[PDB]
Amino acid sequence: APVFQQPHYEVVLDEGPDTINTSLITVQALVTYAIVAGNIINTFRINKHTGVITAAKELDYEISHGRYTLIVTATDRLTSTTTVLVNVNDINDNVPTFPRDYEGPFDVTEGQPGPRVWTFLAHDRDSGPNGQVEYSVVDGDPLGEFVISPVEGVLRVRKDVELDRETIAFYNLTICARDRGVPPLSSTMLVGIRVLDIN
């Protein structure tokens, strides 16, 4: 019955398109080699003779949550088993994404201080800082009457500010979502605000 040289095998790599068709690791027992489980969307290939595990597809932190766990067999017909942990580091490869490019119209009454508009949320598929999102208003607020809370994405008129329909009747605000990855990724959406008469 064949003896695996290591009790478990392990490697740590950055996810990304540079991983396609690279040799990750070679397992050895003392004889033919297979991956029998943990091979997510056929990411991996084993050389049946040489025992080298190659990435057929891009290593992806978002599919693996940072670790692929492969069950490998060695057979001559007696069989023995091990595990191959392919540990993956997260890179900033997902843009913070709003589900719609435009939402509107959101009604707001003139003549009242600090009314709420609505909450916007961009999703980021990355983890850690790479997945954390900061919100801002980057256009369409020429008098500085609005704020979006930078973590919670709540758009409101500033506390001690009242709108006035005759001054400005409609706003189209560009909202920016920026992640805390290096380099950072961002996207924008458009918010349509209609200002209502105090009747």
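All residue numbers are counted from 1 along the displayed sequence.
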Which class describes the count of deposited residues lacking coordinates between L30 and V31: none, 1 to 3, 4 to 9, or 10 or more? 4 to 9
Gap size, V108 back to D107 (deposited sequence, no coordinates): none
Test of understanding: from the entry's C-alpha B-factors, which stretch has the higher mean, 159-167 or 43-51? 43-51
80-88 or 117-125, whichever carries the higher mean Cα B-factor: 80-88
By the entry's values, the third containing the CA B factor of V154 is the lowest
Among the modelled residues of its chain, does the C-alpha B-factor of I193 lie in the lowest, middle or highest third? lowest
Thinking about Cα B factors across the chain, which third does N172 belong to? lowest
Ordered by C-alpha B-factor within the chain, which third holds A37? Give me lowest, middle or highest, please. middle
Please rank the C-alpha B-factors of the chain's modelled residues and tell me whether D18 sits in the lowest, middle or highest third. highest
